Structure formats: C-alpha cells, structure tokens
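*Asks:* The structure follows.
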Amino acid sequence: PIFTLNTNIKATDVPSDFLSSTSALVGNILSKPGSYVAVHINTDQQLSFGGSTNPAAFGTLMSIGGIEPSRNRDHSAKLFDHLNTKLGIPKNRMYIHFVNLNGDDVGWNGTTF
Amino acid sequence: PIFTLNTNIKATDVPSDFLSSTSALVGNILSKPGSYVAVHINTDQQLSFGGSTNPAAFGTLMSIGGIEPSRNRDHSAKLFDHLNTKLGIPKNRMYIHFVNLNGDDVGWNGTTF
Amino acid sequence: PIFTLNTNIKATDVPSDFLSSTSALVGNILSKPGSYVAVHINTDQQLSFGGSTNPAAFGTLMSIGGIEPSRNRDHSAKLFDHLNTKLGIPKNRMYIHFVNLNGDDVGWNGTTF
C-alpha cells in the first residue's frame, strides 16, 4: 500500500511519529504487512481549499485489494481522525482518493504482482 | 474537485492570485461550488519534457462527474489558456490528466461521497 | 508519456543525467518519441517504506498506449534496474504504478488526443 499526502502545513509541524503511526494504521486497516506499506507526506505546498490557504491536504491511498466502496467509508473515518490528530488539519479541508489497484499494474522488486 | 500541477518553473514566477484565480476557474468549468475546490501547485521541480529542462508542467484535474458528459477538450482549452497566461508556460509543454472520480472512492470530512 | 517519482534521497544525489537517461529509457520501452516524454523526480521527500526512511521511492508511469497487463512486468524489470543503478535504491523499496491513459482524458497543447 501507498499513502501519499500533499499539504500546506509546515514540515516542522509533522510530528516525529507521523510516518510510523501512519504506516501502522494503513497496514492494519488494509490488513497488509508493514514491509509493503509506503507513506509519503509532501509539506509546505501552495495549496488552497475552498478558496483559502488555511491548513488543508489531499492525498491518495492505493492498494491491491482491501479497498472498495463497501469499505472506504470506514477507511475514511479512521484516516481522517488520524490526520486531524497528527497534523491538526480540519476534516472538512482534506480529500483522500481511494484506489483499488490490480496486481498487474504494480511494479515492485523488479517484477509485478 | 481537485486540480494539482507539477512544474519546473521558479516559485517566484507564480502570480499571487494564481490559487484564487485557478480555484474560481476550476469551480466554473466543472460547475462545482468553490467550497469543494482544491488547488495545488508544486514548483521548482526537477522536470524534463521532450528531453529538455525548459519550462513545462503536468497535472491532474479530478472531480466526481456521475451522469454527465466529458467536456475535457473544452476544459483543456480553458485550462491551458489560464495556465499559459498566468505561468507563461508553453501549451505544447503541458499535460493534464482528466479524471472522473466515483463518489464512493472519495473521502472527505471523515466520510465518503 | 509521464514518469513521475517521489523519493527520500537527497536532490544532489540524483545524477545530472538521470532525467536524460530516464527519458530515453521511457521512450524506448513504450515505443514513444522522446518529444512526448516527461520525466519528473521529487526528491528530499518525507517518505518511509516499511516504516523506515532509508532510501526508497514510488512513482507512476502513465502513457496513452504501451502500458498493458502483458507488458508491465517487462517494463518493471527495466525500470527497476535503471533506478537501482542510477539512484542506488533497493528494488524491494520501490513501487511503480503503471497507468494506460485514454487520449480523451489527456490535455496537451490546448485540446486532448
């Protein structure tokens, strides 16, 4: 799995345990081993949400399986609570695109799944 | 909707009204309220187009379209003019991936559409 | 085509010819002219793989044609070999999402393809 986020907040405002806590949450919610979980946060970005440059973010959570309509609502509740808690960004100022990948479209270790 | 752009131009060359003006523009072409519009630009990126590192950019415009047409050609013309007039970037050196999102795959305010 | 990659390695650690050789390679594997190839690398990113911030990366390769289930494993072997050589990043610490694009949803110049 990959969780990638773009935000306008400052890097110094991302806690030291952000990558670990996010890696843990992503693996636990998608039921994937932590060794396959990648987390990325791009901070200090020029980003406007709803016409304001106040703290906001948008990102994507992609994974081969574990993601589908009948599950994204729960995924969202947990991820938004987590991000609001760690970065302090309001839940109505964040978007997350959930993507269910096909193994054949994902390269890893020089091969595909 | 979300409009995110990556480009190799300097951050200083981006107009201070870019975000506000791009946000209003996006809400217009997609006929979506500004309250749901997010705009993001990542500048100073190491980006080569056609083998040269001259001014160029690539991005995505995502929105939940549902039971509606495409209009990507009209969107691209209106968007490229905007980006070209505002950033001065050559239109033949910019790609824009148009993505029609399914509400169930989009997380917002701790829930999904 | 567009090959965009995010990595935690330092910007100066990216060889001056990375964009050049990568552009040539992408064009080669997809049988596409270099003039339509865009390569992007976002370095110095806060990114973990398996919870570790040791060298790692993830990216996307998108193209209107050339990307298909029957072709991506060969693309992967070639791209991972190239990235591991150029960037020194272990192959089991990189992900590449292969995306085949429809010309109808790709903006260039001022219209689509």
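*Asks:* State to the nearest 20 debye the size of the charge dipole of the protein assembly as shown about its Cα centre, where the only charges are +1 on K and R beta carbons and -1 on D and E beta carbons.
*Replies:* The calculated dipole for the protein assembly as shown is roughly 100 debye.
*Asks:* Please report which chain C residue places its beta carbon nearest the axis carrying chain C onto chain A, with the distance rounded to a whole angstrom.
*Replies:* Taking the axis that maps C onto A, the answer comes out as C:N42, 4.
*Asks:* Looking at B:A56, B:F3, B:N72, which one has the Cα that reaches farthest to the positive end of the dipole of chain B (charges on Cβ: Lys, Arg +1; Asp, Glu -1)?
*Replies:* Working it through, the farthest residue towards the positive pole turns out to be B:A56.
*Asks:* Right, here's the next one. What are the extents of the Cα atoms of the protein assembly as shown along their three principal axes, listed from largest to smallest and rounded to whole Å?
*Replies:* Answer, in whole Å and largest first: 46, 43, 39 Å.
*Asks:* Hey, another quick one. Round to the nearest 10 and give me the degree value, 0 to 90, for the angle of helix B:72-87's Cα axis relative to the longest principal axis of chain B.
*Replies:* Taking the Cα atoms of chain B, the angle to B:72-87 is about 40 degrees.
*Asks:* Over chain C, what number does the Rg to Rh ratio reach, with both radii from the alpha-carbon atoms and Rh per Kirkwood?
*Replies:* My calculation of the ratio gives 0.98.
*Asks:* Ok, one more. Put the label 7 Å from Cα along Cα→Cβ for B:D104; what are its distances to the other copies, in nanometres, shortest first?
*Replies:* In nanometres, ordered from closest: 2.1, 2.2.
*Asks:* At C:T53, label 7 Å along Cα→Cβ: distances to the other copies, nm, ascending?
*Replies:* Spacings between copies for this position, smallest first, are 2.6, 2.6 nm.
*Asks:* I need the inter-copy label distances for B:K10: point set 7 Å along Cα to C-beta, values in nm with one decimal, smallest first.
*Replies:* Sorted ascending, the copy-to-copy spacings read 2.4, 2.5 nm.
*Asks:* Another question, if that's okay. Mind checking which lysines have their Cα closer than 20 Å to the Cα of A:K86? Skip sequence neighbours fewer than 8 apart in that chain.
*Replies:* A:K10, A:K78
*Asks:* Under a point-charge model restricted to the Cβ atoms of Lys and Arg (+1) and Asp and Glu (-1), what is the dipole moment magnitude of chain B relative to its Cα centre, in debye to the nearest 20?
*Replies:* Dipole of chain B, to the nearest 20 debye: 280 debye.
*Asks:* Using modelled amide H (1.01 Å from N, peptide plane; none on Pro or chain starts), what sits under 5 Å from the amide H of B:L101, excluding residues fewer than 5 places away?
*Replies:* For B:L101, the qualifying residues are B:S63, B:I64, B:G65.
*Asks:* Helix-derived [θ] at 222 nm for chain C: sum -39500 (n - 2.57) over DSSP H runs of at least 4, divide by residue count, nearest 500?
*Replies:* Result for chain C: -8500 deg cm²/dmol, rounded to the nearest 500.
*Asks:* Taking the 0 to 90 degree range and rounding to the nearest ten, how far is the long axis of helix A:18-30 tilted relative to the main principal axis of chain A, both from C-alpha atoms?
*Replies:* Once rounded, the angle reads 50 degrees.
*Asks:* Let me check I've understood the local charge: for A:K86, count other residues with C-beta under 15 angstrom from its C-beta, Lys and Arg +1, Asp and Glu -1. What total comes out?
*Replies:* Cβ neighbours under 15 Å give a net charge of +1.
*Asks:* Viscosity 0.890 mPa s, temperature 25 °C: give me the Stokes-Einstein translational D for the range C:37-80 in µm²/s, with Rh taken as the Kirkwood radius over C-alpha pairs.
*Replies:* Estimated diffusion coefficient is 193 µm²/s.
Every number in this text was worked out from the coordinates using simple rules, so none of it is lab data. All Cβ positions, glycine included, derive from the backbone under ideal geometry; neighbour counts span all protein chains shown.
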